[PDB]
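Engineer: PDB entry and its sequence, pasted below:
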Amino acid sequence: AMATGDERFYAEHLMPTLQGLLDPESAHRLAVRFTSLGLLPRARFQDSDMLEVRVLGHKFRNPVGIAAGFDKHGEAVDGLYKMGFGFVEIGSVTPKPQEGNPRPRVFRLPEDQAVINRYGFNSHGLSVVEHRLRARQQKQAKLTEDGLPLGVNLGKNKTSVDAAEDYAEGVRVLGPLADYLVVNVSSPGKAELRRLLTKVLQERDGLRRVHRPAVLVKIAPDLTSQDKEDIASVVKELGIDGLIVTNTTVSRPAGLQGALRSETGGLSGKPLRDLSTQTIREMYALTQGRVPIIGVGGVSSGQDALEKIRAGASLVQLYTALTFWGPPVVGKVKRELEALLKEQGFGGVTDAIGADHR
Ligand SMILES: CCn1c(CO)nn(-c2nc(O[C@@H](C)C(F)(F)F)c(C(=O)Nc3c(C)cnc(OC)c3Cl)cc2F)c1=O
Ligand SMILES: Cc1cc2nc3c(=O)[nH]c(=O)nc-3n(C[C@H](O)[C@H](O)[C@H](O)COP(=O)(O)O)c2cc1C
Ligand SMILES: O=C(O)c1cc(=O)[nH]c(=O)[nH]1
């Protein structure tokens, strides 16, 4: 096809050329800028009804989202929908502005189709992002109505003594502008998690009904069996709306070839894929298939997307694949997912959710 040819040109020539000419943070910064200005093709992949998912109190036109980290400050939301993402997650956004870690803090492992990052939650802050989303609030209301929801990932400041209050601040400021909110959880213990999430949910429940977002918990793949058992219990107990599975890994799987493999940070991309899919599988089973999962980590194809869906994910996200494949990856994943769904006898995405477990 014309799509596969375009996909090959970006993957084989354009992206390796551009990534050779730019440091990885400049590449990211330019990507946000080009996307913010809408410098993209119109829309050759019109989304099939097969790709539609209804979850988290919302229509999703397709299940392929852009993961948190690409658009930390909500600068490129409209361009991301133009790129063909069925939903956009912005952030992480911290309460106060902060610079994050010293540069260099992003590293490419092209031999592994992986990235390492240690951004350290660089953020323009809730106030800047609030006013930025307010400027396009009604445009977003229509987009959400048309099946294109907006998520916001809420972080905390580096020097914060009270993590729960930073997240609470985020619920109050950005919850009215979001379809869903995300709080990242690291390794717990169980009572501390219950306390934090209770406060987050209380703050969410205090917003007016019309501006009341879903609340999701995002987990790393590096948790113990007991951490995962505890998270599942608390999430079911409190009525947490969903799980995002997973963040980057602090592990370094055997077989990484990139020179920069020993850089401190979170590893993303292909080496994360099956660690992430197995975490989805575990969390789906520990929650009895009753907590919607957003599957993320190493999605670069329809097969990768479908494996996460069959393992228990209602929706997927990607980021790292975009750095190697460019904008055509979104259409690629969607086309390939649709084809595989047909090949496996599923009417749509919804039928495939948790199919491995049945
Ligand atoms: C992890 C940090 N990180 C890295 C490094 O690891 N790369 N990266 C990305 N870089 C991108 O392009 C650069 C090479 C750019 F300099 F060209 F901006 C894009 C991207 O989509 N670029 C675009 C757009 C938007 C429109 N039109 C295009 O071509 C006609 C292209 Cl190539 C997406 C990314 F996630 C990124 O976030
Ligand atoms: C450069 C970079 C920055 C990221 N920043 C964030 C962030 O601020 N908050 C967050 O929850 N996840 C962040 N992530 C994690 C991604 O959202 C995603 O969970 C992870 O990269 C796995 O997906 P992928 O393999 O498709 O990239 C970041 C990832 C990368 C590569
Ligand atoms: O900002 C970061 O460093 C960051 C946040 C996060 O949640 N995940 C990640 O890989 N990096």
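Structural biologist: Structure's in. What do you need? Numbering: from 1, shown residues only. Ligands and ions are numbered 1, 2, ... in the order given.
Engineer: how about the nearest residue to residue 244, chain neighbours excluded?
Structural biologist: In space, residue 244 comes closest to residue 218 once its chain neighbours are excluded; the distance is 3.7 Å by C-beta to C-beta, 6 or more residues apart in numbering. To be clear about C-beta, it is placed using only N, CA and C from the backbone, and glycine gets the same treatment.
Engineer: Could I get the CA-only coordinates of the helix or strand hosting that neighbour as CSV?
Structural biologist: Mapping residue 218 onto the secondary structure by DSSP states H and E places it in strand 214-219. What follows is strand 214-219, C-alpha atoms only, in CSV (Å, rounded to 0.1, in the frame of the first residue of the first chain):
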residue,chain,number,x,y,z
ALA,A,214,-12.4,9.1,35.9
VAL,A,215,-9.4,8.4,38.1
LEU,A,216,-6.8,5.8,37.1
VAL,A,217,-3.6,4.4,38.7
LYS,A,218,-0.5,3.9,36.6
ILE,A,219,2.0,1.3,37.7
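Engineer: Give me the sheet partners of it and which way each runs.
Structural biologist: According to DSSP bridges, strand 214-219 has the following sheet partners: strand 180-185 (parallel), strand 242-245 (parallel).
Engineer: how far does the first one sit from the chain's center?
Structural biologist: So the one you mean is strand 180-185. When distances are taken as C-alpha atoms, centre = their mean, to the nearest Å, strand 180-185 is centred 10 Å away from the chain's centroid.
Engineer: which residues are in contact with it?
Structural biologist: Residues outside strand 180-185 that contact it (C-beta atoms under 8 Å, 6 or more residues apart in numbering) are 56, 58, 68, 89, 91-92, 149, 151-155, 167, 170-171, 174-175, 193, 196-197, 200, 204, 213-220, 231, 241-242, 244, 247.
Engineer: Narrow these to those in helices?
Structural biologist: 167, 170-171, 174, 193, 196-197, 200, 204, 231 (DSSP state H).
Engineer: Include distance to residue 262 and neighbour count when you put those into CSV, please.
Structural biologist: Listed next are the ones in helices among the contacts of strand 180-185 as CSV, based on distance: C-beta to C-beta, whole Å; neighbours: other C-beta atoms under 10 Å:
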residue, distance to residue 262, neighbour count
167, 32, 25
170, 34, 28
171, 38, 25
174, 36, 23
193, 31, 19
196, 33, 21
197, 35, 23
200, 36, 23
204, 40, 18
231, 30, 24
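Engineer: Between which two of these is the distance greatest?
Structural biologist: Greatest spatial distance among those (C-beta to C-beta): 174 and 231, at 23.3 Å.
Engineer: how about the strands in the stretch 1-150 of the chain?
Structural biologist: Along the stretch 1-150 of the chain, counting by DSSP state E, counting those that start in this stretch, strands occupy 53-55, 58-60, 64-66, 87-93, 106-109, 114-117, 150-154.
Engineer: Can you name the residue of the stretch 1-150 of the chain nearest to ligand 3?
Structural biologist: Scanning the stretch 1-150 of the chain for proximity to ligand 3 using C-beta to the nearest ligand atom identifies residue 119 as nearest, at 3.3 Å.
Engineer: List the contacts of that residue.
Structural biologist: Contact partners of residue 119, counting by C-beta under 8 Å, 6+ apart, are 69, 72, 100-101, 105-106.
Engineer: got the residues of the protein near ligand 2?
Structural biologist: Applying C-beta under 6 Å from any ligand atom, we find that the chain lies next to ligand 2 at 67-69, 72, 91-92, 106, 115, 117, 119, 153, 184, 218, 247-248, 268-269, 272, 296-299, 318-321.
Engineer: residues in the stretch 51-200 of the chain within reach of ligand 1, list them.
Structural biologist: Going by C-beta under 6 Å from any ligand atom, the residues of the stretch 51-200 of the chain near ligand 1 are 70, 106, 108, 115.
Engineer: Would you tell me whether stretch 258-277 gets close to ligand 3?
Structural biologist: Yes - judged by C-beta under 6 Å from any ligand atom, stretch 258-277 comes into contact with ligand 3 through residue 266.
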